[PDB]
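Q: pasting the structure only:
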Ligand SMILES: [Mg+2]
(Lines give C-alpha, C1' and ligand atoms only; values in the text may rest on other atoms or scores of the structure.)
Protein backbone atom coordinates (compact mmCIF):
# COMPACT_ATOMS: atom_id res chain seq x y z
CA UNK A 1 0.00 0.00 0.00
CA UNK A 2 3.06 2.24 0.49
CA UNK A 3 3.87 2.92 -3.20
CA UNK A 4 2.72 5.60 -5.67
CA UNK A 5 2.94 5.30 -9.45
CA UNK A 6 5.41 5.44 -11.18
CA UNK A 7 7.01 3.69 -8.15
CA UNK A 8 5.70 0.10 -8.11
CA UNK A 9 6.18 -3.46 -6.93
CA UNK A 10 8.76 -4.97 -9.22
CA UNK A 11 9.42 -8.65 -8.57
CA UNK A 12 8.63 -8.25 -4.81
CA UNK A 13 10.69 -5.10 -4.34
CA UNK A 14 10.42 -1.37 -4.87
CA UNK A 15 11.00 -0.44 -8.49
CA UNK A 16 9.75 1.71 -11.35
CA UNK A 17 6.51 0.73 -13.10
CA UNK A 18 7.23 -0.83 -16.51
CA UNK A 19 4.18 1.06 -17.86
CA UNK A 20 5.81 4.37 -16.91
CA UNK A 21 9.03 3.31 -18.64
CA UNK A 22 7.39 2.33 -21.95
CA UNK A 23 3.86 2.20 -23.37
CA UNK A 24 2.97 1.88 -27.04
CA UNK A 25 -0.36 2.81 -28.57
CA UNK A 26 -1.86 4.09 -31.77
CA UNK A 27 -3.97 6.97 -33.10
CA UNK A 28 -6.08 6.44 -36.21
CA UNK A 29 -7.48 9.86 -36.82
CA UNK A 30 -7.81 13.13 -38.63
CA UNK A 31 -5.19 15.80 -39.21
CA UNK A 32 -6.74 19.15 -40.22
CA UNK A 33 -4.97 22.09 -41.89
CA UNK A 34 -6.25 25.67 -41.58
CA UNK A 35 -4.51 28.80 -42.83
CA UNK A 36 -5.59 32.07 -44.44
CA UNK A 37 -8.93 30.62 -45.61
CA UNK A 38 -7.49 27.28 -46.73
CA UNK A 39 -8.93 24.16 -45.04
CA UNK A 40 -8.52 20.46 -45.63
CA UNK A 41 -8.11 17.22 -43.71
CA UNK A 42 -6.52 13.79 -44.13
CA UNK A 43 -6.60 10.50 -42.23
CA UNK A 44 -3.37 9.17 -40.69
CA UNK A 45 -2.52 5.97 -38.91
CA UNK A 46 0.17 6.90 -36.32
CA UNK A 47 2.12 5.03 -33.60
CA UNK A 48 2.15 6.63 -30.16
CA UNK A 49 4.94 6.05 -27.63
CA UNK A 50 4.73 7.17 -23.99
CA UNK A 51 8.12 7.11 -22.26
CA UNK A 52 8.65 8.47 -18.77
CA UNK A 53 6.97 11.88 -18.57
CA UNK A 54 6.81 12.36 -22.42
CA UNK A 55 4.42 11.45 -25.22
CA UNK A 56 5.62 10.90 -28.78
CA UNK A 57 3.23 11.01 -31.73
CA UNK A 58 4.82 9.46 -34.80
CA UNK A 59 2.94 10.87 -37.77
CA UNK A 60 3.58 9.16 -41.11
CA UNK A 61 4.05 11.05 -44.39
CA UNK A 62 0.77 12.33 -45.87
CA UNK A 63 -0.52 14.35 -48.83
CA UNK A 64 -2.65 17.46 -48.43
CA UNK A 65 -3.75 20.43 -50.51
CA UNK A 66 -2.79 24.14 -50.54
CA UNK A 67 -1.18 25.70 -47.50
CA UNK A 68 -0.61 29.30 -46.46
CA UNK A 69 2.60 31.04 -45.41
CA UNK A 70 1.41 30.47 -41.83
CA UNK A 71 -1.25 28.05 -40.61
CA UNK A 72 -2.27 25.42 -38.06
CA UNK A 73 -2.18 21.64 -38.27
CA UNK A 74 -4.61 20.13 -35.72
CA UNK A 75 -4.66 16.51 -34.48
CA UNK A 76 -8.08 15.47 -33.24
CA UNK A 77 -7.43 13.11 -30.28
CA UNK A 78 -11.15 13.13 -29.33
CA UNK A 79 -11.55 10.02 -31.56
CA UNK A 80 -9.18 7.33 -32.82
CA UNK A 81 -6.94 6.48 -29.83
CA UNK A 82 -6.39 2.76 -29.22
CA UNK A 83 -7.99 1.66 -25.97
CA UNK A 84 -7.15 1.82 -23.12
CA UNK A 85 -5.62 5.25 -23.97
CA UNK A 86 -8.11 8.09 -23.56
CA UNK A 87 -8.20 11.63 -25.04
CA UNK A 88 -7.12 12.97 -21.59
CA UNK A 89 -3.87 11.01 -21.80
CA UNK A 90 -2.69 13.31 -24.63
CA UNK A 91 -2.96 16.48 -22.51
CA UNK A 92 0.44 18.27 -22.11
CA UNK A 93 1.92 18.90 -18.65
CA UNK A 94 1.45 22.62 -19.46
CA UNK A 95 -2.27 21.83 -19.95
CA UNK A 96 -3.95 24.34 -22.32
CA UNK A 97 -1.16 26.96 -22.07
CA UNK A 98 -0.12 28.55 -25.36
CA UNK A 99 3.52 27.61 -26.00
CA UNK A 100 6.23 27.37 -28.65
CA UNK A 101 7.29 23.82 -27.72
CA UNK A 102 9.53 21.42 -29.72
CA UNK A 103 10.00 23.86 -32.60
CA UNK A 104 11.63 22.13 -35.60
CA UNK A 105 12.14 22.36 -39.38
CA UNK A 106 9.81 20.37 -41.62
CA UNK A 107 10.31 20.22 -45.41
CA UNK A 108 7.02 20.22 -47.29
CA UNK A 109 6.85 19.52 -51.06
CA UNK A 110 4.59 21.98 -52.87
CA UNK A 111 3.32 21.20 -56.36
CA UNK A 112 0.47 21.42 -58.80
CA UNK A 113 0.77 17.99 -60.29
CA UNK A 114 4.44 18.12 -61.34
CA UNK A 115 7.79 18.01 -59.50
CA UNK A 116 7.42 19.42 -55.96
CA UNK A 117 9.49 22.29 -54.63
CA UNK A 118 10.47 21.68 -51.01
CA UNK A 119 9.88 24.55 -48.56
CA UNK A 120 11.58 24.54 -45.18
CA UNK A 121 8.77 25.41 -42.79
CA UNK A 122 8.90 25.83 -38.96
CA UNK A 123 6.61 23.58 -36.89
CA UNK A 124 5.87 23.62 -33.14
CA UNK A 125 3.37 22.43 -30.55
CA UNK A 126 1.29 25.52 -29.80
CA UNK A 127 -1.79 24.51 -27.77
CA UNK A 128 -3.82 21.51 -26.64
CA UNK A 129 -7.50 22.30 -26.07
CA UNK A 130 -10.34 19.81 -25.33
CA UNK A 131 -8.48 16.90 -26.98
CA UNK A 132 -7.29 18.80 -30.06
CA UNK A 133 -3.51 19.33 -30.42
CA UNK A 134 -2.77 22.45 -32.47
CA UNK A 135 0.63 22.68 -34.25
CA UNK A 136 1.78 25.96 -35.78
CA UNK A 137 3.32 25.62 -39.26
CA UNK A 138 4.86 28.85 -40.61
CA UNK A 139 7.90 30.44 -42.28
CA UNK A 140 10.09 29.34 -45.18
CA UNK A 141 8.14 31.34 -47.76
CA UNK A 142 5.79 29.88 -50.36
CA UNK A 143 4.96 29.29 -54.02
CA UNK A 144 1.69 29.01 -55.92
CA UNK A 145 0.51 25.40 -55.54
CA UNK A 146 -2.50 23.09 -55.21
CA UNK A 147 -0.93 20.10 -53.39
CA UNK A 148 1.39 19.49 -50.43
CA UNK A 149 3.60 16.49 -49.72
CA UNK A 150 4.20 16.32 -45.95
CA UNK A 151 7.13 14.38 -44.50
CA UNK A 152 6.93 11.92 -41.63
CA UNK A 153 6.98 14.03 -38.46
CA UNK A 154 7.43 13.13 -34.80
CA UNK A 155 5.59 15.42 -32.35
CA UNK A 156 6.73 15.16 -28.70
CA UNK A 157 5.89 16.94 -25.43
CA UNK A 158 5.73 16.33 -21.66
CA UNK A 159 2.48 14.70 -20.63
CA UNK A 160 0.11 15.63 -17.82
CA UNK A 161 0.13 13.46 -14.67
CA UNK A 162 -2.28 15.60 -12.60
CA UNK B 1 11.04 11.33 4.33
CA UNK B 2 14.59 11.30 5.81
CA UNK B 3 14.90 7.89 4.13
CA UNK B 4 13.93 9.07 0.64
CA UNK B 5 16.25 10.89 -1.79
CA UNK B 6 15.10 13.30 -4.51
CA UNK B 7 13.62 12.61 -7.00
CA UNK B 8 12.06 9.84 -4.87
CA UNK B 9 9.67 11.55 -2.47
CA UNK B 10 6.67 11.39 -0.15
CA UNK B 11 3.58 11.53 -2.37
CA UNK B 12 0.29 11.52 -0.44
CA UNK B 13 1.87 9.57 2.46
CA UNK B 14 3.69 7.03 0.28
CA UNK B 15 6.89 6.52 -1.71
CA UNK B 16 6.53 8.31 -5.02
CA UNK B 17 8.27 10.51 -7.56
CA UNK B 18 8.53 14.25 -6.76
CA UNK B 19 6.11 16.25 -8.96
CA UNK B 20 8.82 18.91 -9.25
CA UNK B 21 11.11 16.33 -10.92
CA UNK B 22 8.33 15.24 -13.28
CA UNK B 23 7.51 18.81 -14.45
CA UNK B 24 8.88 22.29 -13.70
CA UNK B 25 8.16 25.37 -15.84
CA UNK B 26 10.13 28.58 -15.84
CA UNK B 27 11.06 31.43 -18.19
CA UNK B 28 14.15 33.23 -19.46
CA UNK B 29 13.94 36.80 -20.68
CA UNK B 30 17.42 37.54 -21.93
CA UNK B 31 19.99 38.11 -24.63
CA UNK B 32 20.84 35.79 -27.52
CA UNK B 33 24.17 36.79 -29.10
CA UNK B 34 25.48 35.76 -32.53
CA UNK B 35 29.22 35.63 -33.33
CA UNK B 36 30.79 34.37 -36.56
CA UNK B 37 33.67 35.42 -38.83
CA UNK B 38 33.81 38.94 -37.37
CA UNK B 39 30.04 39.42 -37.33
CA UNK B 40 28.41 40.18 -33.96
CA UNK B 41 24.87 41.10 -32.94
CA UNK B 42 22.44 40.53 -30.07
CA UNK B 43 18.68 40.31 -29.62
CA UNK B 44 16.39 40.00 -26.58
CA UNK B 45 13.92 37.07 -26.45
CA UNK B 46 11.18 35.80 -24.12
CA UNK B 47 11.47 31.99 -23.82
CA UNK B 48 9.59 29.35 -21.77
CA UNK B 49 11.81 26.80 -20.01
CA UNK B 50 10.50 23.32 -19.19
CA UNK B 51 12.42 20.89 -16.99
CA UNK B 52 11.10 17.33 -17.29
CA UNK B 53 12.85 14.40 -15.61
CA UNK B 54 16.60 14.72 -16.27
CA UNK B 55 16.20 17.12 -19.27
CA UNK B 56 15.90 20.90 -19.73
CA UNK B 57 14.06 22.39 -22.71
CA UNK B 58 14.63 25.98 -23.71
CA UNK B 59 11.87 27.06 -26.11
CA UNK B 60 13.27 29.95 -28.14
CA UNK B 61 10.72 31.93 -30.16
CA UNK B 62 11.27 33.15 -33.73
CA UNK B 63 13.54 36.23 -33.90
CA UNK B 64 15.33 38.51 -36.34
CA UNK B 65 19.03 39.21 -36.48
CA UNK B 66 21.58 40.68 -38.85
CA UNK B 67 24.32 39.15 -41.03
CA UNK B 68 25.44 35.61 -40.27
CA UNK B 69 28.55 33.67 -41.36
CA UNK B 70 28.83 30.24 -42.97
CA UNK B 71 29.67 28.99 -39.46
CA UNK B 72 29.07 30.77 -36.16
CA UNK B 73 27.96 30.55 -32.55
CA UNK B 74 24.63 31.51 -30.98
CA UNK B 75 25.02 32.17 -27.24
CA UNK B 76 22.28 32.28 -24.62
CA UNK B 77 23.31 34.25 -21.55
CA UNK B 78 21.60 32.59 -18.57
CA UNK B 79 23.68 34.62 -16.05
CA UNK B 80 20.68 37.02 -15.97
CA UNK B 81 17.03 36.79 -17.05
CA UNK B 82 15.89 33.53 -15.39
CA UNK B 83 12.64 33.64 -13.45
CA UNK B 84 13.33 33.02 -9.75
CA UNK B 85 13.69 30.58 -8.11
CA UNK B 86 15.50 29.04 -11.13
CA UNK B 87 19.22 29.89 -11.00
CA UNK B 88 21.99 30.08 -13.61
CA UNK B 89 23.41 26.77 -12.27
CA UNK B 90 20.11 25.01 -12.99
CA UNK B 91 20.90 25.37 -16.70
CA UNK B 92 24.21 23.47 -16.52
CA UNK B 93 24.23 20.25 -18.67
CA UNK B 94 24.92 16.85 -17.11
CA UNK B 95 28.06 16.89 -19.30
CA UNK B 96 29.05 20.09 -17.48
CA UNK B 97 31.41 22.19 -19.67
CA UNK B 98 32.38 19.37 -22.07
CA UNK B 99 32.45 20.24 -25.77
CA UNK B 100 29.76 18.20 -27.54
CA UNK B 101 27.68 17.83 -30.70
CA UNK B 102 24.40 17.35 -28.87
CA UNK B 103 20.88 17.48 -30.30
CA UNK B 104 22.14 18.26 -33.80
CA UNK B 105 19.26 19.33 -36.07
CA UNK B 106 18.28 21.29 -39.23
CA UNK B 107 17.40 24.95 -38.81
CA UNK B 108 16.15 27.00 -41.81
CA UNK B 109 17.28 30.62 -41.59
CA UNK B 110 15.86 33.28 -43.99
CA UNK B 111 18.57 35.58 -45.34
CA UNK B 112 17.72 38.86 -47.03
CA UNK B 113 18.57 42.52 -47.61
CA UNK B 114 15.08 43.71 -46.80
CA UNK B 115 13.18 41.82 -49.51
CA UNK B 116 11.99 38.22 -49.83
CA UNK B 117 14.22 35.91 -47.71
CA UNK B 118 16.16 33.02 -49.23
CA UNK B 119 16.11 30.15 -46.71
CA UNK B 120 19.32 28.27 -45.98
CA UNK B 121 19.28 24.86 -44.36
CA UNK B 122 21.80 25.19 -41.55
CA UNK B 123 22.89 22.59 -38.92
CA UNK B 124 22.47 23.58 -35.22
CA UNK B 125 23.65 21.78 -32.08
CA UNK B 126 24.37 22.30 -28.40
CA UNK B 127 28.17 22.63 -28.26
CA UNK B 128 29.19 23.95 -24.81
CA UNK B 129 27.89 25.51 -21.60
CA UNK B 130 30.45 27.63 -19.78
CA UNK B 131 29.93 29.95 -16.79
CA UNK B 132 26.20 30.23 -17.36
CA UNK B 133 26.41 30.82 -21.14
CA UNK B 134 24.99 28.10 -23.44
CA UNK B 135 26.79 28.08 -26.82
CA UNK B 136 25.06 26.60 -29.88
CA UNK B 137 26.98 26.02 -33.10
CA UNK B 138 25.22 27.09 -36.33
CA UNK B 139 26.90 26.07 -39.57
CA UNK B 140 26.56 24.57 -43.02
CA UNK B 141 24.08 24.87 -45.84
CA UNK B 142 26.05 27.56 -47.65
CA UNK B 143 25.26 31.27 -47.72
CA UNK B 144 24.32 34.32 -49.78
CA UNK B 145 25.12 38.05 -49.59
CA UNK B 146 22.69 39.52 -47.02
CA UNK B 147 22.27 41.96 -44.15
CA UNK B 148 19.32 40.44 -42.23
CA UNK B 149 18.45 37.00 -40.87
CA UNK B 150 15.04 35.60 -39.99
CA UNK B 151 15.48 32.87 -37.39
CA UNK B 152 12.84 30.18 -36.79
CA UNK B 153 11.54 29.14 -33.39
CA UNK B 154 14.05 26.61 -32.05
CA UNK B 155 13.76 24.33 -29.05
CA UNK B 156 17.14 23.64 -27.38
CA UNK B 157 17.17 20.49 -25.21
CA UNK B 158 19.85 18.66 -23.19
CA UNK B 159 20.38 16.53 -20.04
CA UNK B 160 20.50 18.76 -16.95
CA UNK B 161 23.11 18.35 -14.17
CA UNK B 162 21.85 16.94 -10.84
CA UNK C 1 14.76 -2.70 1.40
CA UNK C 2 14.61 -4.82 -1.81
CA UNK C 3 15.38 -2.05 -4.36
CA UNK C 4 15.05 -2.69 -8.15
CA UNK C 5 17.08 -0.64 -10.65
CA UNK C 6 16.66 2.18 -11.47
CA UNK C 7 15.50 2.54 -7.85
CA UNK C 8 18.68 2.30 -5.73
CA UNK C 9 20.36 3.12 -2.42
CA UNK C 10 21.62 6.68 -2.51
CA UNK C 11 23.28 8.32 0.53
CA UNK C 12 21.54 5.92 2.86
CA UNK C 13 18.07 6.67 1.45
CA UNK C 14 15.75 5.43 -1.31
CA UNK C 15 16.68 7.44 -4.41
CA UNK C 16 17.20 7.19 -8.15
CA UNK C 17 20.39 5.59 -9.50
CA UNK C 18 22.73 8.31 -10.90
CA UNK C 19 23.58 5.76 -13.63
CA UNK C 20 19.96 5.83 -14.77
CA UNK C 21 19.86 9.65 -14.70
CA UNK C 22 22.96 10.14 -16.89
CA UNK C 23 25.62 8.04 -18.56
CA UNK C 24 27.98 9.26 -21.26
CA UNK C 25 29.92 6.96 -23.60
CA UNK C 26 31.08 6.70 -27.20
CA UNK C 27 30.69 4.62 -30.33
CA UNK C 28 33.66 4.60 -32.71
CA UNK C 29 32.25 2.64 -35.57
CA UNK C 30 31.04 2.06 -39.06
CA UNK C 31 28.04 3.75 -40.68
CA UNK C 32 26.83 2.09 -43.93
CA UNK C 33 24.61 3.55 -46.64
CA UNK C 34 22.56 1.32 -48.96
CA UNK C 35 20.04 2.47 -51.58
CA UNK C 36 19.14 1.39 -55.10
CA UNK C 37 22.34 -0.55 -55.62
CA UNK C 38 24.51 2.17 -54.05
CA UNK C 39 26.70 0.99 -51.12
CA UNK C 40 29.43 2.70 -49.11
CA UNK C 41 30.67 3.04 -45.54
CA UNK C 42 32.33 5.71 -43.34
CA UNK C 43 33.99 5.67 -39.89
CA UNK C 44 32.60 8.06 -37.27
CA UNK C 45 33.45 8.92 -33.70
CA UNK C 46 30.17 9.63 -31.88
CA UNK C 47 29.22 10.50 -28.29
CA UNK C 48 26.41 8.43 -26.79
CA UNK C 49 24.25 9.69 -23.94
CA UNK C 50 21.80 7.53 -22.01
CA UNK C 51 19.35 9.60 -19.99
CA UNK C 52 16.47 7.97 -18.14
CA UNK C 53 14.78 5.55 -20.57
CA UNK C 54 16.32 7.17 -23.72
CA UNK C 55 19.51 6.71 -25.72
CA UNK C 56 20.96 9.53 -27.80
CA UNK C 57 23.45 8.78 -30.55
CA UNK C 58 25.21 11.98 -31.52
CA UNK C 59 26.61 11.44 -35.01
CA UNK C 60 29.16 14.02 -36.26
CA UNK C 61 29.10 15.49 -39.79
CA UNK C 62 30.65 13.20 -42.40
CA UNK C 63 31.16 12.88 -46.13
CA UNK C 64 29.91 9.96 -48.19
CA UNK C 65 29.31 9.08 -51.81
CA UNK C 66 26.17 8.82 -53.99
CA UNK C 67 22.79 8.35 -52.36
CA UNK C 68 19.47 7.26 -53.85
CA UNK C 69 16.12 8.99 -53.59
CA UNK C 70 15.35 6.50 -50.75
CA UNK C 71 17.88 4.43 -48.82
CA UNK C 72 19.06 3.11 -45.44
CA UNK C 73 21.78 4.37 -43.19
CA UNK C 74 22.88 1.59 -40.80
CA UNK C 75 24.87 1.87 -37.59
CA UNK C 76 26.84 -1.25 -36.66
CA UNK C 77 26.68 -1.45 -32.84
CA UNK C 78 28.14 -4.99 -32.78
CA UNK C 79 31.56 -3.38 -32.40
CA UNK C 80 32.89 0.02 -31.36
CA UNK C 81 30.96 0.78 -28.13
CA UNK C 82 33.17 1.94 -25.25
CA UNK C 83 33.12 -0.57 -22.34
CA UNK C 84 31.16 -1.14 -20.19
CA UNK C 85 28.40 -0.45 -22.76
CA UNK C 86 27.46 -3.54 -24.77
CA UNK C 87 25.61 -3.97 -28.09
CA UNK C 88 22.42 -4.95 -26.20
CA UNK C 89 22.44 -1.53 -24.54
CA UNK C 90 21.43 -0.01 -27.90
CA UNK C 91 18.29 -2.14 -28.34
CA UNK C 92 15.06 -0.05 -28.54
CA UNK C 93 12.18 -0.50 -26.08
CA UNK C 94 10.19 -1.58 -29.17
CA UNK C 95 12.87 -4.24 -29.73
CA UNK C 96 13.02 -5.30 -33.40
CA UNK C 97 9.66 -3.82 -34.49
CA UNK C 98 9.61 -1.80 -37.69
CA UNK C 99 8.67 1.76 -36.82
CA UNK C 100 8.78 5.34 -38.10
CA UNK C 101 10.30 6.79 -34.95
CA UNK C 102 11.81 10.24 -34.42
CA UNK C 103 11.20 11.32 -38.01
CA UNK C 104 13.02 14.58 -38.79
CA UNK C 105 14.40 16.76 -41.61
CA UNK C 106 18.04 16.32 -42.57
CA UNK C 107 19.73 18.54 -45.17
CA UNK C 108 22.34 16.71 -47.23
CA UNK C 109 24.69 18.45 -49.67
CA UNK C 110 24.97 16.69 -53.02
CA UNK C 111 27.78 17.49 -55.45
CA UNK C 112 30.30 16.15 -57.93
CA UNK C 113 33.25 18.01 -56.40
CA UNK C 114 31.95 21.56 -56.78
CA UNK C 115 29.29 23.56 -54.98
CA UNK C 116 26.85 21.32 -53.04
CA UNK C 117 23.12 21.49 -53.62
CA UNK C 118 21.28 20.90 -50.33
CA UNK C 119 18.38 18.43 -50.38
CA UNK C 120 15.88 18.29 -47.55
CA UNK C 121 15.53 14.57 -46.82
CA UNK C 122 13.38 12.83 -44.19
CA UNK C 123 15.19 10.60 -41.67
CA UNK C 124 13.78 8.19 -39.08
CA UNK C 125 14.67 5.22 -36.85
CA UNK C 126 13.22 2.25 -38.73
CA UNK C 127 14.50 -0.97 -37.14
CA UNK C 128 17.14 -2.35 -34.81
CA UNK C 129 18.10 -5.98 -35.54
CA UNK C 130 20.93 -7.95 -33.95
CA UNK C 131 22.96 -4.90 -33.01
CA UNK C 132 22.44 -3.00 -36.27
CA UNK C 133 20.33 0.17 -36.14
CA UNK C 134 18.69 0.94 -39.50
CA UNK C 135 17.67 4.50 -40.26
CA UNK C 136 15.56 5.35 -43.29
CA UNK C 137 16.66 8.35 -45.41
CA UNK C 138 14.20 9.34 -48.15
CA UNK C 139 12.19 12.15 -49.75
CA UNK C 140 13.09 15.66 -50.92
CA UNK C 141 14.03 14.61 -54.46
CA UNK C 142 17.55 14.29 -55.86
CA UNK C 143 20.08 15.37 -58.45
CA UNK C 144 22.88 13.63 -60.30
CA UNK C 145 25.84 13.56 -57.94
CA UNK C 146 28.91 11.58 -56.91
CA UNK C 147 29.37 12.92 -53.33
CA UNK C 148 27.29 13.61 -50.24
CA UNK C 149 27.93 16.05 -47.39
CA UNK C 150 25.98 14.85 -44.34
CA UNK C 151 25.18 17.14 -41.42
CA UNK C 152 25.72 16.21 -37.75
CA UNK C 153 22.62 14.21 -36.79
CA UNK C 154 21.42 13.16 -33.36
CA UNK C 155 19.25 10.03 -33.31
CA UNK C 156 17.27 9.21 -30.15
CA UNK C 157 14.85 6.49 -29.05
CA UNK C 158 13.55 4.77 -25.91
CA UNK C 159 15.88 1.99 -24.83
CA UNK C 160 14.91 -1.54 -23.77
CA UNK C 161 15.09 -2.45 -20.07
CA UNK C 162 13.91 -6.06 -20.08
MG1 LIG D 1 13.74 -1.31 -46.52
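A: Here it is on my side, so go on. Numbers count the residues shown, from 1 in each chain, chains lettered A, B, ... in the order given.

Q: secondary structure element for the closest residue to residue A:124 other than its chain neighbours?
A: Spatial nearest neighbour of residue A:124, excluding adjacent residues (Cβ to Cβ, 6 or more residues apart in numbering or on different chains): residue A:103 at 4.0 Å. For every residue, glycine as well, the C-beta is placed using N, CA and C. Taking DSSP states H and E as the criterion, residue A:103 maps to strand A:101-111.

Q: Over to residue A:119?
A: Going by DSSP H and E, residue A:119 is in strand A:117-129.

Q: Report the beta-bridge partner residues of the closest residue to residue A:98 other than its chain neighbours.
A: Excluding its sequence neighbours, the residue lying closest to residue A:98 (Cβ to Cβ, 6+ apart) is residue A:127, at 5.0 Å. Residue A:127 has the following beta-bridge partners by DSSP bridges: residue A:134.

Q: just residue A:30 next, same as before
A: Bridge pairing for residue A:30 - DSSP bridges - gives residue A:43.

Q: Show the contacting residues for it.
A: Counting by Cβ atoms under 8 Å, 6 or more residues apart in numbering or on different chains, residue A:30 makes contact with A:41-44, A:75-76, A:79-80.

Q: now that we have those residues, which one has the most neighbours?
A: Counting neighbours by other Cβ atoms under 10 Å in any protein chain shown, the top entry in these is residue A:75, with 23 neighbours.

Q: Surely the residue nearest to residue A:98 and residue A:100 touch.
A: No - checked against Cβ atoms under 8 Å, the pair residue A:127 and residue A:100 is beyond contact range at 10.3 Å.

Q: what about the residue lying closest to residue A:2 once chain neighbours are set aside, neighbour count?
A: Nearest non-adjacent residue to residue A:2, counting by Cβ to Cβ, 6+ apart: residue B:14, 5.1 Å away. Residues lying near residue B:14 (other Cβ under 10 Å) number 14.

Q: how near is residue B:14 to residue B:8?
A: 11 Å (Cβ to Cβ, to the nearest Å).

Q: Give me the common contacts of those two.
A: Joint contacts of residue B:14 and residue B:8 (Cβ under 8 Å, 6+ apart) are residue A:7.

Q: I'd assumed residue A:78 was in contact with residue A:32.
A: No - contact criterion Cβ under 8 Å: residue A:32 and residue A:78 do not qualify, at 11.9 Å.

Q: So between the two, which is more surrounded?
A: Taking neighbours as other Cβ under 10 Å, residue A:32 and residue A:78 compare with residue A:32 leading, 16 against 13.

Q: Contact partners for the more buried one?
A: Contacts of residue A:32 (Cβ under 8 Å, 6+ apart): A:39-41, A:73-74, A:76.

Q: rerun that using 7 Å as the cut-off
A: Contacts for residue A:32 (Cβ atoms under 7 Å, 6 or more residues apart in numbering or on different chains) come out as A:41, A:74, A:76.

Q: now, among these, which is nearest to residue B:62?
A: Minimum distance to residue B:62 across the contacts of residue A:32 is 20.3 Å, recorded for residue A:74 (Cβ to Cβ).

Q: And that closest one, how far from residue A:10?
A: As judged by Cβ to Cβ, residue A:74 and residue A:10 stand 39 Å apart.

Q: repeat for residue A:63
A: Relative to residue A:10, and taking Cβ to Cβ, residue A:63 is found at 45 Å.

Q: out of those two, which sits in the busier spot?
A: residue A:10 (17 against 11).

Q: With adjacent residues omitted, what lies nearest to residue A:70?
A: residue A:138 (3.5 Å).

Q: residues near the one you found, how many?
A: The tally of other residues near residue A:138 (other Cβ under 10 Å) stands at 18.

Q: For beta bridges, what are the partners of it?
A: residue A:70, residue A:122.

Q: wait, doesn't it sit right on residue A:124?
A: No - Residue A:138 lies out of contact with residue A:124 (Cβ atoms under 7 Å); the separation is 9.0 Å.

Q: What parts of chain A come near chain C?
A: A:10-16, A:21-22, A:24, A:47, A:49, A:51-52, A:58, A:60, A:104-107, A:118, A:120, A:151-154 (Cβ under 7 Å from any Cβ of the partner chain).

Q: Go again with 6 Å.
A: Proximity of chain A to chain C, by Cβ under 6 Å from any Cβ of the partner chain, involves residues A:10, A:13-16, A:21-22, A:51-52, A:58, A:60, A:105-107, A:118, A:151-154.

Q: Next up, the contacts around residue A:3.
A: B:14-15 (Cβ atoms under 6 Å, 6 or more residues apart in numbering or on different chains).

Q: What segments of chain A are helices?
A: Taking DSSP state H as the test, the helices found in chain A are A:18-21.

Q: show me where it has strands.
A: A:7-10, A:13-16, A:23-35, A:38-51, A:54-59, A:62-65, A:70-76, A:101-111, A:117-129, A:132-138, A:147-150, A:153-158 (DSSP state E).

Q: Distance to residue B:114 for those strands - can I get that in JSON lines?
A: Formatted as JSON lines, the strands of chain A follow (distance: least, Cβ to Cβ, whole Å):
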{"stretch": "strand A:7-10", "distance to residue B:114": "58"}
{"stretch": "strand A:13-16", "distance to residue B:114": "55"}
{"stretch": "strand A:23-35", "distance to residue B:114": "25"}
{"stretch": "strand A:38-51", "distance to residue B:114": "28"}
{"stretch": "strand A:54-59", "distance to residue B:114": "36"}
{"stretch": "strand A:62-65", "distance to residue B:114": "32"}
{"stretch": "strand A:70-76", "distance to residue B:114": "20"}
{"stretch": "strand A:101-111", "distance to residue B:114": "24"}
{"stretch": "strand A:117-129", "distance to residue B:114": "20"}
{"stretch": "strand A:132-138", "distance to residue B:114": "20"}
{"stretch": "strand A:147-150", "distance to residue B:114": "29"}
{"stretch": "strand A:153-158", "distance to residue B:114": "32"}
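
Q: Tell me which of these lies nearest to residue C:158.
A: Of the strands of chain A, the one closest to residue C:158 (Cβ to Cβ) turns out to be strand A:38-51, at 4.3 Å.

Q: Pull out the buried residues from the closest one.
A: Buried positions in strand A:38-51, judged by neighbour count with 16 or more other Cβ atoms under 10 Å in any protein chain shown: A:41, A:44, A:46-51.
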